[PDB]
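Notes for the one structure printed next.
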Amino acid sequence: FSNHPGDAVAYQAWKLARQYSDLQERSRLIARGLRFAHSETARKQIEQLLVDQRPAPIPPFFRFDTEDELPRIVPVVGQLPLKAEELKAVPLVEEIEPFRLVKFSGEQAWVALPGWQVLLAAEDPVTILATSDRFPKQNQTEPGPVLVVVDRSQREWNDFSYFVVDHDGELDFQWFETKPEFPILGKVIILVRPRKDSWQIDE
Amino acid sequence: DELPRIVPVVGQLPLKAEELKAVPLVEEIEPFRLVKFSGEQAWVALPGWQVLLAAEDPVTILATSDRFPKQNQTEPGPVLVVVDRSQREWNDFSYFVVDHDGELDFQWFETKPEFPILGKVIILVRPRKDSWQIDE
Amino acid sequence: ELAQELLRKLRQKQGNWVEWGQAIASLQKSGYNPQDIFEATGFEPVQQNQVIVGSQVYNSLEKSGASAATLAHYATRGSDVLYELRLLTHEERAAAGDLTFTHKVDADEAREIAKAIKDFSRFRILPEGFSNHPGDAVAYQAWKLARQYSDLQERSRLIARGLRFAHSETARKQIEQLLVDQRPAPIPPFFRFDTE
Amino acid sequence: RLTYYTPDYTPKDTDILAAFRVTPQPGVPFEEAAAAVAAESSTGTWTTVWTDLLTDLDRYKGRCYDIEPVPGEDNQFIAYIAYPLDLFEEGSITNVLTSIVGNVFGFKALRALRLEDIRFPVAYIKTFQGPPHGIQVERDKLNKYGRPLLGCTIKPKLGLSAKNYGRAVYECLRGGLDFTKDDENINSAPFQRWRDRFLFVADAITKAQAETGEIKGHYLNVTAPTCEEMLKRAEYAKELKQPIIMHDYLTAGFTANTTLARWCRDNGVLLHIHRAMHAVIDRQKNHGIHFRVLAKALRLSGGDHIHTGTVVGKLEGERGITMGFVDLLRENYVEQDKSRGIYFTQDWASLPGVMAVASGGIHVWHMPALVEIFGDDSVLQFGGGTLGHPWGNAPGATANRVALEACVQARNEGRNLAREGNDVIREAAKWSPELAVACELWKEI
Amino acid sequence: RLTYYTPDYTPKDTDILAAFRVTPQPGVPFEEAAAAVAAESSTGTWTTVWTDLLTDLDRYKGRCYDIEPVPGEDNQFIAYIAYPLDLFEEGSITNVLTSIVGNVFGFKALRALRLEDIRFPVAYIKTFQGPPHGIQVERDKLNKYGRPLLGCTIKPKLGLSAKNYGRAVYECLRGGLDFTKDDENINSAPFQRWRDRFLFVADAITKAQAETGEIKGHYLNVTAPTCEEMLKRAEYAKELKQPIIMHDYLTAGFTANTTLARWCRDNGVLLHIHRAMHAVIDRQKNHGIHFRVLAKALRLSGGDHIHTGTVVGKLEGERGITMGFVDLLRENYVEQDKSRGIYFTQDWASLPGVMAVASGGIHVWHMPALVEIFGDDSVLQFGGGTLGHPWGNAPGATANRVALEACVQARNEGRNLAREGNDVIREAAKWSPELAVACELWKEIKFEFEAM
Amino acid sequence: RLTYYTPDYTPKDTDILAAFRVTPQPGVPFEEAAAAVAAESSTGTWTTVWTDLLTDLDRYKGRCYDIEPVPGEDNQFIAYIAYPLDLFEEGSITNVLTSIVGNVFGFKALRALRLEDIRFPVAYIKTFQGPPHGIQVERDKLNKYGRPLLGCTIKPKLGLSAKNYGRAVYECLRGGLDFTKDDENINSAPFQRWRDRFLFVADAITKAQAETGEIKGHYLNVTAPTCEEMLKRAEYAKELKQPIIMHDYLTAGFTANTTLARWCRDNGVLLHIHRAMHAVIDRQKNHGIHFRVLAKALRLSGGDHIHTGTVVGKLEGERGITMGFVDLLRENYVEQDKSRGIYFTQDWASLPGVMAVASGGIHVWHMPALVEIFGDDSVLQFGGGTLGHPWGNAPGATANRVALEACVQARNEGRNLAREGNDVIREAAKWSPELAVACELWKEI
C-alpha cells in the first residue's frame with residue numbers, strides 16, 4: 146500500500162474486511178477496496194480476500215505479559231532434616247535472558263513459584279520442604295507440609311523474622327530475641343502450604 | 218488464580234531429532250509440584266496457561282519468529298516455542314514438529330504422515354512509570 | 017358424584033393434556049364455571065379453553081385418520097398448535113395435524129398453515145396441478161404469492177417453502193417453474214368488460 | 022423534475038413506502054407523473070436558491086423506485102415511493118398524512134390519484150403506543166375467551182331520553198350480549214345530554230352484569246367539539262369505572278384520537294373506534310385513500326375495536342380486500358399479496374392488534390358466515406338494518422348469543438359452518454324459543 | 022503528595038472513614054499509594070496556586086491514618102482513610118459515592134483497588150430517612166411474628182401475559198406463602214405492560230388474602246426509565262392499596278431510589294430491594310466495591326427488604342462475610358470484626374434495620390439450615406433454581422409453609438435443627454401430601470460441620 | 022443448558038446483541054459457559070413447570086450465536102449473544118442493564134466476565150430521546166463554530182465559599198474560555214450550598230459574557246440525593262436562564278439521568294455529563310463493563326457533553342480504543358472494527374451525538390495533539406493536574422484560547438500539527454505575553 150489516498154482507503158477496507166470470516170459479510174468492503182485502490186500491489190491485497203485451498207493458519211501466539219509478573223524457578227535443597235552442607239552446595243542460579251532460562255549440569259530439584267514481589271526481590275533464593283510444626287502454631291489447623299523459601303543473601307539479624315541456621319551441622323528454623331553467634335545461612339521470606355454444581359447465580 | 222509450570226528446554230534451534238527425543242517426560246512430585254532431575258538440562262518456568270496445564274508432555278524450543286509465517290510488520294525476533302509431544306495426530310489449523318532428514322522443523326501442511334509428527338506447537342511467546358494522573 | 021377425581025387428577029397433573037381437556041369439558045358441562053375449576057385446580061379459564069378445544073381437535077385427529085406418530089406426539093404436547101387448527105373441519109384436521117407434526121410447526125406457523133388450508137377449501141374447482149392435500153394448499157399459497165414478485169432474489173423465501181410443503185409431483189413442478197428468470206408467454210393485454 | 026424517479030434505488034428497512042394508484046392526464050408520461058408525486062409528497066416542487074451551492078439536502082428527497090402499470094385498466098400505474106425515516110415526527114399520524122397525502126392530490130397534470138398502501142417500517146412503528154390494549158389483553162380484562170364478542174345497536178338512532186337509552190341498553194345486555202353501542206351521531210344534544218346518558222348507561226350495566234354474572238360494557242361516545250370536552254367525558258366514564266368508551270376518529274381527527282388512545286392505556290379503559298366519514302375518502306377506485314391505510318393509521322393512533330363493515334352482501338373480489346386489512350389490523354406479520362390489495366409486507370413489531378367489528382343488516386341467519394370468515398377475534402353488531410325482534414331487546418339478544426354459542430360450539434366439534442351453517446341454527450332453535458321467533462322472522466341464506 | 026499520610030492523627034467520631042484494599046504497582050511504595058487515594062478521593066491532588074495566602078484549606082483534607090499490609094497476599098495493604106463530616110451533602114449516598122469512589126479507581130500507579138468498608142458516623146446517619154419501615158414496623162403492618170417470611174418466584178421469568186402472572190400469583194399466595202416476587206427484569210414490556218400486571222396482581226392478592234385470612238402482598242416492580250415513571254407506578258400500586266413494591270436500586274441508581282424510599286415512608290408502602298448488577302462491582306477480591314458497602318448504602322438511601330443471596334453452597338470463610346453484612350443490615354450496633362470483613366465498628370443510631378432476603382437454588386430441604394443460619398428476621402424466596410413443583414404453585418407453596426412451620430416449631434421446642442433438621446421435615450411430610458411430593462423431588466442433605 | 026447455544030442462528034436487525042468476554046473456569050467447556058451467559062441474562066436458569074406442556078415461551082430466549090476465542094489470551098472467548106426486541110422496556114437503559122448485566126456476572130462456573138459491547142438496533146434506539154441537544158444544535162445555541170470549545174476547572178476542588186467559586190469562575194470565563202466546571206463532588210454542602218453557588222456563578226457569567234461579547238456558561242452540578250432535589254436545582258438554573266448544567270450520571274444513576282435529559286430538552290438547557298465512578302466498573306480487562314457500553318448508554322439516556330478522558334499519556338493501543346467510543350458518541354454510523362474494540366456496527370438512526378470532553382493534566386503544550394486527535398467537536402478541560410498559572414485564572418484562560426485559536430488557524434491553513442505543533446505555539450507566544458509565561462512554565466512535548 147502506497148501513501149496515495151486511494152491506497153489509504155483500500156487499506157482501511159482491507160483491514161476491516163479481515164475480521165469478517167464469512168464471504169457474504171465481506172462484500173461491501175471488497176467492492177469499496179476495488180473502487181478505491183490506486184496501486185496494483187494494493188488491488189491484489191483486496192483481491193486475495195475473495196477466496197474462502204486453505205491458508206496459513208494464524209499461529210498460537212501468546213503475549214509476553216508486562217502486566218503480570220513472570221514466575222521464578224527456584225532450586226530445591228531436599229526435605230528437612232538436612233545438613234548445612236547440602237544447602238551450601240546448591241549454586242547461585244543465573245537466569246539466561248531473554249526468556250529467563252536456567253541451565254544446570256549436576257543433580258538438582260526445581261520448582262516454579264509465582265512472581266511474588268518478595269521472591270523477585272530475593273538476590274539468591276532456595277527452597278526447603280518442611281512441616282508447619284517447625285514454626286510456631288498459628289491457628290487451630292493440624293501440622294501439614296510446607297514449602298519454605300529462603301534468601302541466602304539476607305543474613306543480618308532482626309527480632310521480627312525467621313532464619314535458617316547451621317545447628318551444629320544441621321538445618322533449623324528459629325527466631326531470635328537477641329542477636330546470635332550461631333551461624334545463619336539465610337532468611338525465611340515465604341512459607342506456603344499446599345494448594354462444584356454452581357451454575358447457580360449469586361442473586 | 219493459576220499454577221505456574223516448569224517446562225524442559227531442549228536447546229536453541231537448529232537442533233537434531235534425537236536431542237528432543239532424549240528429553241525425558243517430567244514427573245511433578247506432589248504436593249508442591251517439584252521436578253528432580255539427574256543429567257544436564259535447561260528449564261523455564263512459564264505461567265499456567267490452561268493449554269499448557271492441559272499438555273501431558275510439553276517441551277520448549279528457542280527459535281526466531283521468522284520460522285513461522287510473518288504475522289504483522291514487526292521484525293524477526295526471538296521466540297520461545299512450546300510443543301506437546303503427546304499430540305501427534307494431524308490437522309490443517311495448527312503447526313507441528315516433524316522429521317526433516319536427521320532433524321525437525323516447523324511446518325503447516327495439512328496431509329503429512331510420511332514425516333512423523335513428533336509433537337504439536339501449542340504456544341509461541343516473544344520476550345518480556355511517571356503518572357499519578359487520573360482517567361477522568 | 018365423585019367428580020372430584022377429575023379435580024384431584026387435574027390439580028395433581030395426573031395424565032396428559034387431552035385427558036385434562038376432556039375432564040374440564042365434563043366438569044364444565046356438569047354445572048361448573050371456569051373460575052370454580054381454577055380455584056380447585058391450577059388451570060386458568062384461558063388454559064381451560066385451550067385444552068377443551070384442543071382435545072376436540074384431537075378427537076377429530078383420531079376419528080379422521082391421523083398417523084399414530086402424530087396422535088402419540090400430540091397426546092402430551094402441542095395443544096397450542098392444535099388450537100390453531102380448530103378453524104378446520106373434522107375431516108380437514110387429520111391431514112393438517114400430520115403436516116404440522118411432520119414439519120415441527122410452532123403455534124404461530126400452525127395458524128399460517130390453517131389459513132392456507134382454509135383458503136384452499138373455498139375453491140370449488142381446484143387450482144390446476146394442486147390437490148386438496150394440505151401440503152398442496154400451502155404450496156399453492158406460496159406459488160400464488162411468489163408470482164407477484166418479478167425479481168428472483170425476492171422469490172427465494174417463497175420457493176423454499178413451496179418445495180418444503182408440496183405433496184403431489186404436479187404441484188412441485190409449478191413451484192419449480194418459478195426458478196427460471203428463454204422468455205415466457207407474455208400476459209396478453211386484457212381490458213375488463215366494465216359493468217361499472 | 023425527474024430527479025425523483027430513481028428505479029435503481031433499493032428501499033431501506035427504515036424507509037416509509039407509499040403505493041399510489043396514479044391516473045395521469047393524456048399525454049403525460051408515467052416517468053414524470055411518478056416523479057411529480059414523490060416531489061410533491063416529500064420536498065415539494067424544488068425551489069433552487071443560492072443556498073444549494075454551499076450545502077445539499079437531497080437525502081430528504083422522497084423518490085419513485087418502481088413504476089408498475091395496472092393491468093385491466095385505463096392508462097393507470099402504481100407509483101412506489103420511498104421516504105426516509107427522518108422526514109416524519111415520531112408518533113404522529115397527523116404528520117404522516119400531512120406529508121404523504123398533503124398536497125399531491127391537487128395537481129392538474131393528474132386526472133386522479135389514490136393512496137393504496139403505506140409500508141410503516143418497524144423503527145417508525147416502535148414510536149407509537151398503538152392500541153391502548155390488545156386483542157389478548159381485552160379478553161383478559163373481560164374474561165371472554167374462545168368466541169366472537171357480541172354487541173347491540175340501540176334504536177331508534179336519535180330522539181331518546183338518556184334514561185330511555187339506558188333502559189334499552191339494560192335489556193340488550195341482560196339478554197346475553199357483551200356490549201351495547203352509542204350511536205356515532207350521539208354526542209351531547211338538546212334531546213339528550215352526555216352526562217345523563219353516561220350515568221344511566223352505567224346504572225344499566227351494573228344491574229345487567231349483576232344479574233347475569235358476565236362483564237358487560239357500553240361504548241360511551243366521548244366524541245366531542247374540543248379536546249377539553251372529549252377528555253372531560255372520558256374522565257366521567259373512568260369515574261363511573263366503565264370498561265369501554267368510543268370515538269369517531271375521522272371526524273374528530275388523528276391529533277384528538279391519539280390523545281384519547283394514550284389516555285385509554287393510562288386509565289385502563291377500552292377504546293371502540295367508529296370510522297364515520299370513511300366513505301367520503303375510500304369509496305372511489307380512481308381517487309382517495311383506501312381504508313387499508315386508514316385502518317393502519319388507526320392501529321398506530323390507538324384503538325381496541327374498529328368497524329370494518331361486513332362481507333356478507335359483497336362479492337368474492339371485495340371479500341378478499343376486506344379480509345386483507347382485517348389481517349393488517351389483527352396480525353403481527355402480513356405478507357405482501359396484491360390480489361388482496363396489500364402492496365407491502367407489513368411487519369408490526371409486536372404492536373397489539375385491533376378487533377374487527379362487523380356490522381350492517383346482519384341477523385341470526387348470518388352467524389355461521391361471520392364466525393367462518395372473521396374468526397374469534399371480532400365483534401358482531403346486530404340491530405343495524407331494517408330488523409326488529411317483536412318481543413323486545415333482551416329476547417333479541419338471547420337469539421344471537423344462543424346462535425353464536427351454537428356456531429362456535431359446532432365449529433369446535435369439526436362441523437362445517439360453510440355447509441351445515443343453516444342446520445346448526447334450526448337445531449339450536451328447537452330448544453330456544455327466542456331463536457325460534459327470530460328464525461321465522463328473517464329468511465335464511 | 023504525602024501531606025495526606027498522617028498516622029499520628031486519631032480519627033474523629035464525626036469522620037467518614039474508608040477501608041480501601043490498595044494493590045500498588047510493583048515499585049510504588051505503600052506510603053505514596055496510601056496518600057494518593059486520600060488526596061484523589063477527598064480533595065484535589067493539591068494544585069498549588071498564588072492563593073496560598075487566602076487558602077489554608079487543610080480542614081477539608083481527607084487523609085490516611087493507618088496503613089495495614091494484608092497478610093497472606095502479594096504486596097497489598099488496607100488504607101484506612103478519614104474524611105471530615107463537612108465534605109458530604111446531607112442524606113446523599115450519591116454524593117458519598119461520587120466523593121469516595123469517584124475517580125481514584127482510575128489511577129495507573131495502582132494495579133487494582135477495592136473499597137471494603139465505610140464507617141458512616143452517627144451525625145451523618147441522622148441525615149438519612151433510612152428504611153421506610155423497620156423490621157419490627159413491617160411485622161406490625163403485616164401481622165406476622167416469630168418466623169421467617171416466605172416469598173415466591175413466578176416462572177417462567179419472561180413472556181407471561183399480565184393475567185397469567187396474576188393467576189400464577191394468586192395460587193402461590195393462596196398455597197401459604199406471604200409474598201410473591203415480580204421478576205427484576207419485569208418492568209413494562211411489549212409482552213406484558215405494567216398497568217395490566219399491577220391490576221391483575223391486585224385482583225389476586227385481594228382474593229388469596231380473603232380466602233386465607235393472612236395479609237398477602239406482591240413485590241410490584243416500579244423500576245422504570247425515569248423518576249416520572251417510577252413514581253407513576255408507585256402511585257398506581259398505592260392507588261390499588263398495595264402493601265409492598267420493589268425496585269432495582271443499583272441499575273436505577275441511588276438518586277432515584279432515595280426518592281422512592283421517602284415516597285415509601287410518606288405513603289406507608291413497604292420497599293423490597295433487588296441488587297441486580299451487584300456482581301459487576303462486588304465480585305473480584307482485588308478491584309471494585311464490597312457488597313458490604315452497597316448493603317450499608319441501601320440502608321441509608323432506603324429499603325425494607327434486600328437480597329443477600331444464599332449462604333448454603335458457600336464455605337465458612339464466605340459465610341462469615343455474608344453474615345457480617347446481614348449483621349450490618351439488621352443490627353443497631355456491629356462491633357469491629359476483621360475476620361468477618363467488618364473493618365469498622367458501625368453504630369446505626371437507631372436507624373431501622375433491613376430484612377435480609379435469601380434466594381438461590383433453595384427448596385424444602387434447605388429450610389432447617391436457613392432457619393438456623395439467618396433466624397426469624399429474614400425472607401426466604403423459593404422457586405428460584407432448577408426446581409418446579411409438579412402439582413402447581415399453590416401445592417409448591419404449601420410444601421414450603423408446612424416445612425417452615427415445622428422447623429420454627431421444632432427449634433422452639435429445643436430440637437437441634439443442625440442434626441435433626443431433616444427428620445423434622447420427614448415427620449412433617451407424613452401428614453402433608455404436598456410436602457411429601459416435594460421431599461421426594463429433591464435429595465436431602467445432613468451435616469458437614471465447620472472448624473476455625 | 023445448551024438450548025441457548027445455537028450457532029446456526031442469524032441475528033435480526035431488531036435484536037439487541039451483546040459481546041461478553043468470557044473467562045470460564047478450568048474444565049468448563051466454552052459451549053456450556055456461552056449458553057449459561059445467554060440463559061442467565063435473558064430468561065434465567067429455566068424452571069420447567071407443568072405450564073410448559075400447554076404453551077411454549079422460547080421466542081423470548083436470549084442465545085449465543087457465535088463463539089470466538091480471544092487470540093493472545095488465557096482460555097478466553099467472546100460470547101456473541103442475541104436477545105429479541107420484546108424483552109426490553111422502551112427507552113429504559115435501566116432495564117437493558119438489569120436484563121443484560123443483571124445476574125450473569127455472579128457465577129462460580131466463570132472465573133471472570135466482561136461486557137465489551139452492545140448492538141442497539143435502530144428500532145430500539147428510536148424509542149430514546151438521546152441527547153437533549155446535539156453537537157450541531159449546541160453550536161447553533163452558543164454561536165461557536167469551527168473549533169473545539171474550552172472549559173475551565175476551578176481550584177481548589179473543595180472548601181471555597183459560593184461567592185469565591187463565582188469570582189474564580191468570572192475570571193476564567195472573562196479570560197477567553199467558553200465554560201467553567203462545577204467539580205463532580207460539589208453538590209450542596211456545609212462549606213457551600215447549592216443555591217448560593219448557582220446565584221453567584223450566574224452573576225459571574227452575566228458580567229463575563231457582557232464584557233467579552235461571547236456566550237458563556239458554567240456546568241452547574243444539579244447532581245443530588247433525590248429526583249425532587251435534582252429537578253429543584255435544574256429549575257433554579259432554568260430560572261437564572263442558564264445555558265448548561267451537569268450531572269454525575271453513574272453515581273446518580275440512569276433512571277435519574279434519563280429524567281434530567283428530557284427535562285433538559287423540554288427547557289432547552291445543555292447537559293454536561295461527568296462519568297464519576299466509571300473506573301470501578303471499566304478498568305479491569307478480565308471483568309466488568311467497558312466504558313464503550315457506558316458511553317452508548319449515556320447517549321441513549323441523554324447527554325450533550327461527556328468526559329472521555331485523555332489520550333496524551335496513553336499508548337497506541339488504548340488510543341485506538343478511546344477513539345472508538347468517541348466515534349460511537351459522535352458519529353451516526355460506526356463500522357465494526359475489532360482492533361479498536363468495536364464488536365458490532367452501530368447505526369444510530371439520526372440520534373444526536375455527544376461532544377467528547379478531554380481532561381487530565383493537560384496544558385497549553387498539549388493543544389496541537391488534542392486538536393489533531395479529537396477534532397473540532399470536543400471540549401478541552403484545563404486546570405486538572407498539578408498546574409497553575411502564576412498571574413491568575415484569566416491570564417491562564419487567555420493562554421489556552423490564544424493557543425487553541427493558533428492551532429485551529431494553523432490546521433485550517435494546511436500546517437501539520439503532528440510536526441509543527443510545538444512551533445505554532447512558540448510563534449503565538451511572541452505576541453501574547455500570557456502564553457509566553459505559560460510556555461515557560463511547562464515543558465513542551
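Chains as they are written, first to last, in the entry's author numbering: chain H, 146 to 197, 203 to 345, 354 to 361; chain G, 218 to 345, 354 to 361; chain H', 17 to 197, 203 to 217; chain D, 22 to 466; chain C, 22 to 473; chain D', 22 to 466. A prime marks a further copy of an entry chain.
Every residue, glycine too, gets a C-beta built ideally from N, C-alpha and C.
Answer yes or no: the CB of H':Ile-40 versus the heavy atoms of the ligand COA, is any distance below 7 Å?
With respect to small molecules bound, the structure shown includes none, and the ligand COA cannot be examined in it.
Identify every run of the alpha helix (DSSP H) within the segment 216-267 of chain C, keeping only runs that are complete inside it and at least 4 residues long; order them along the chain.
Listed in chain order, they are 248-260.
Closest to G:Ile-340 by CA distance: which of G:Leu-269, G:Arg-284, G:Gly-256 is it?
The residue with the shortest Cα to Cα distance from G:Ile-340 is G:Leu-269.
Starting from D:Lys-184, trace the beta strand (DSSP E) both ways and give me its first and last residue.
It is not in any beta strand (DSSP E) - D:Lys-184 instead sits in the alpha helix (DSSP H) that spans 183-195.
Of all the CB atoms in chain H, is at least one closer than 8 Å to the CB of G:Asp-309?
Taking Cβ atoms only, chain H reaches closer than 8 Å to G:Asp-309, which makes this a yes.
Use the C-beta contact count for D:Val-70: other C-beta atoms within 10 angstroms, 16 or more gives buried, fewer gives exposed.
By the neighbour-count rule (16 or more Cβ atoms within 10 Å), D:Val-70 is not buried but exposed.
Out of curiosity, what's the CA-to-CA distance linking G:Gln-258 and H:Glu-257?
Straight-line Cα distance between these residues: approximately 10 Å.
Give me the residue from D:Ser-360, D:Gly-112, D:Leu-131, D:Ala-457 with the minimum Cα distance to D:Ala-100.
Of the candidates D:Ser-360, D:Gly-112, D:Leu-131, D:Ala-457, the one whose C-alpha sits nearest the C-alpha of D:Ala-100 is D:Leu-131.
Within 10 angstroms of its Cβ, does H':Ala-84 collect 16 or more other Cβ (buried), or is it exposed?
Its Cβ having fewer than 16 others within 10 Å, H':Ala-84 is exposed.
Which residues in chain G have a C-beta closer than 7 Å to the C-beta of D':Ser-380? List them in chain order.
The answer, in chain order, is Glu-361.
Could you name the residues of the same chain whose beta carbon sits closer than 8 Å to that of C:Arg-436, not counting the 5 residues immediately before and after it, in chain order?
These residues qualify, in order along the chain: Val-445.
Along the chain, where does the beta strand (DSSP E) that runs through H:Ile-359 open and close?
Element bounds for H:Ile-359: n/a, residue is neither H nor E.
Which residues in chain H' have a C-beta closer than 7 Å to the C-beta of D:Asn-437? List them in chain order.
The answer, in chain order, is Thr-105.
Assuming H':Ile-191 contacts H':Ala-182 under a Cβ cut-off of 8 Å, what Cβ separation, rounded to an integer in Å, is found between them?
Sure, about 6 Å apart at Cβ, within 8 Å.
On a Cα-Cα basis, can you pick out the residue from D:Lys-147, D:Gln-230, D:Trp-67 that is closest to D:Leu-106?
Residue D:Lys-147 is the option with its Cα nearest to D:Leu-106.
Give me the Cβ distance between D:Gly-151 and D:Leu-372, rounded to the nearest whole Å; I'm assuming they're in contact under 8 Å.
4 Å between Cβ atoms; contact.
First and last residue of the alpha helix (DSSP H) that includes H:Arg-177?
Its alpha helix (DSSP H) spans residues 172-181.
Residues of chain C with CB closer than 8 Å to the CB of H:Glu-219, please, in chain order.
Neighbours of H:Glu-219 on chain C, chain order: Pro-47.
If you draw a straight line from the C-alpha of D':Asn-124 to the C-alpha of H:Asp-360, how long is it?
C-alpha separation (whole angstroms): 7 Å.
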